[PDB]
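Below: one structure, written as structure tokens.
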Amino acid sequence: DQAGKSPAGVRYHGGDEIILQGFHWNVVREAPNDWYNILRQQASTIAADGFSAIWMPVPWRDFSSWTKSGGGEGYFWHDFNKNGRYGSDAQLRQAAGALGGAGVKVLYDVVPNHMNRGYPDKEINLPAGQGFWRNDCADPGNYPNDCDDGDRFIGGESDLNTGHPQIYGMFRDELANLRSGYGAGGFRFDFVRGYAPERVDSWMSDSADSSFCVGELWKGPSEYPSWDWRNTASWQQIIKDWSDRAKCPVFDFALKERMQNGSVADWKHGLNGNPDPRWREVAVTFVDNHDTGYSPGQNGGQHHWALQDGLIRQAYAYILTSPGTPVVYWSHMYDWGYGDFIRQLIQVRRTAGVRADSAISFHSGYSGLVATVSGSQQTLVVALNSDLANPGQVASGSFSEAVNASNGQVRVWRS
Ligand SMILES: OC[C@H]1O[C@H](O[C@H]2[C@H](O)[C@@H](O)[C@@H](O[C@H]3[C@H](O)[C@@H](O)[C@@H](O[C@H]4[C@H](O)[C@@H](O)[C@@H](O)O[C@@H]4CO)O[C@@H]3CO)O[C@@H]2CO)[C@H](O)[C@@H](O)[C@@H]1O
Ligand SMILES: [Ca+2]
Ligand SMILES: [Ca+2]
């Protein structure tokens, strides 16, 4: 495992990560108070499957509830107490220790934008009228105000002023706490549209400068005002700008948007396909997460933007053979039977030496997507939903078959 920032100072931890999202939306209901125990038991298997990192659920306890129904998943935490719906503080420490001991770095989902302000019994009690909250200032709509330099969560009544020195420090200290006491190797920043990207850079510089990080910016061009350059920009440009300012990798919602709306050929327009290595190397690619995807359990989870099953294998073959840093969703890997296929693709990635900044060229003249990827050890030819017959049609050199699945709809050859 190589460490190191990118040439532009972006915290992609060497560019060689392969990440497991270590939960789905309904874990707190499907395995009540037992998830950390399960992760501890599974740590050696996760490592053997080839993952270098695991994205853990929000560790801050969440006892919220609403009615569809939900609550408790971590995105409406009420304080930093770790005794929540995934397991106890002791069980978290044991799971993080087992994962780290198996060689899997532990990334915590953190949620600075808001908290369960109204929960009656909590350790963090911030009064009104001291600038701690967005709505201490006038709040006319979903955009920055004088107490919140980002967007708001729903009505904004629970948004924190993360730029207030006491609130900034509160999160700074808790990130340090996760690093010193809970084995954190990095962080996944939730809802980064809600606060300034430079604050993520500051938090990471203060508390985890050499760690991995990734931000979730999910905000399309149409959500920006008419006078903002982002209103007419590409999804790539929007997330890349965030990454530049946070000095942090960013989830590749440009690729996700193309997977949901475009053809397979169009997947080349994700951030991770950009010919500038400074652009593609900061992409964190994924197929679905706990928001976009289904989960086992009530209501099938959230499934706000889910990839149809006829493209799941193709999508994993693309992200696991291509540049950027790939994330595998728990339920594809361990609930729904794609594990053996994903295991094989992870081995292909590692054997070829594909990294976040590997070159990728796209080839015209065939159906579907045809790419050549320059790994540090091998060149890959990847053909998805394509009438390509053999790799010699598009690449020089000697190749052998590495993957052939879904009646040839997923084919990968290696030098
Ligand atoms: O005071 C603020 C608001 O409080 C109340 O809001 C409710 C919502 O109505 C519920 O839907 C729910 O919200 C969930 C949300 O549905 C869910 O998707 C998730 O959001 C995450 C996301 O998964 C994550 O990856 C990233 O994008 O950030 C998102 C936000 O953290 O989690 C939400 C919180 O559990 O719960 C809230 C709070 O109870 C009230 O109804 C609003 O009117 C009010 O403005
Ligand atoms: Ca690394
Ligand atoms: Ca906010």
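Identifiers for the structure tokens are assigned positionally: chains receive A, B, ... in sequence, residues are indexed from 1 per chain, and ligands are indexed from 1 in the order shown.
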Any chance you could list, as a ChimeraX atom specification, the residues in range 231-327 of chain A that come up strand (DSSP E) when DSSP is run on the backbone? /A:250-251,283-285,325-327
Name the residues, by chain letter and number, that sit within 8 Å of ligand 2 using only C-alpha atoms and all ligand atoms, and give them as an mmCIF file with N, CA and C atoms, in the first residue's frame.
```
data_model
loop_
_atom_site.group_PDB
_atom_site.id
_atom_site.type_symbol
_atom_site.label_atom_id
_atom_site.label_comp_id
_atom_site.auth_asym_id
_atom_site.auth_seq_id
_atom_site.Cartn_x
_atom_site.Cartn_y
_atom_site.Cartn_z
ATOM 1 N N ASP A 1 0.841 -1.237 0.000
ATOM 2 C CA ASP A 1 0.000 0.000 0.000
ATOM 3 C C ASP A 1 0.857 1.260 0.000
ATOM 4 N N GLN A 2 0.775 2.018 -1.090
ATOM 5 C CA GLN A 2 1.495 3.275 -1.207
ATOM 6 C C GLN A 2 0.682 4.398 -0.576
ATOM 7 N N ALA A 3 1.360 5.256 0.164
ATOM 8 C CA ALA A 3 0.740 6.458 0.683
ATOM 9 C C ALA A 3 1.108 7.617 -0.227
ATOM 10 N N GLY A 4 0.621 8.791 0.108
ATOM 11 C CA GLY A 4 1.069 9.956 -0.619
ATOM 12 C C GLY A 4 -0.060 10.720 -1.258
ATOM 13 N N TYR A 12 -5.494 11.319 -2.077
ATOM 14 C CA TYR A 12 -5.931 10.050 -2.655
ATOM 15 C C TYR A 12 -5.120 8.848 -2.157
ATOM 16 N N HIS A 13 -4.364 9.018 -1.067
ATOM 17 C CA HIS A 13 -3.528 7.974 -0.426
ATOM 18 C C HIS A 13 -2.899 7.023 -1.435
ATOM 19 N N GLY A 14 -2.015 7.586 -2.245
ATOM 20 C CA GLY A 14 -1.236 6.822 -3.184
ATOM 21 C C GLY A 14 -1.943 6.434 -4.463
ATOM 22 N N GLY A 15 -3.246 6.636 -4.545
ATOM 23 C CA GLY A 15 -3.970 6.312 -5.752
ATOM 24 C C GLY A 15 -4.236 4.848 -5.959
ATOM 25 N N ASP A 16 -3.967 4.008 -4.966
ATOM 26 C CA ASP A 16 -4.025 2.570 -5.153
ATOM 27 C C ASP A 16 -5.101 1.913 -4.303
ATOM 28 N N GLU A 17 -6.069 2.682 -3.825
ATOM 29 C CA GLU A 17 -7.086 2.124 -2.960
ATOM 30 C C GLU A 17 -8.167 1.385 -3.752
ATOM 31 N N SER A 52 -8.546 -2.750 0.134
ATOM 32 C CA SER A 52 -7.556 -2.026 0.924
ATOM 33 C C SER A 52 -8.171 -1.094 1.962
ATOM 34 N N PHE A 212 -6.590 9.241 3.748
ATOM 35 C CA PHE A 212 -7.494 9.280 2.592
ATOM 36 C C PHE A 212 -8.755 10.076 2.918
#
```
At what distance in Å, to one decimal, does CA of residue 126 in chain A lie from atom 3 (C, counted along the ligand's line) of ligand 1?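 The value is 16.8 Å.
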Computed interatomic separation between CA of residue 254 in chain A and CA of residue 235 in chain A (Å):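 Interatomic distance, CA of residue 254 in chain A to CA of residue 235 in chain A: 5.0 Å.
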By how many Å are CA of residue 293 in chain A and CA of residue 112 in chain A apart?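 Those two atoms sit 23.1 Å apart.
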With only C-alpha atoms and all ligand atoms counted, collect every polymer residue having an atom within 9 Å of ligand 1; state the result as a PyMOL selection string. chain A and resi 25+62+64-77+109+111-118+152-159+189-192+216-218+289-292+302+304
Name the closest residue to residue 183 in chain A among the candidates A:236, A:42, A:94, A:396; distances are taken between atoms, counting only C-alpha atoms. A:94
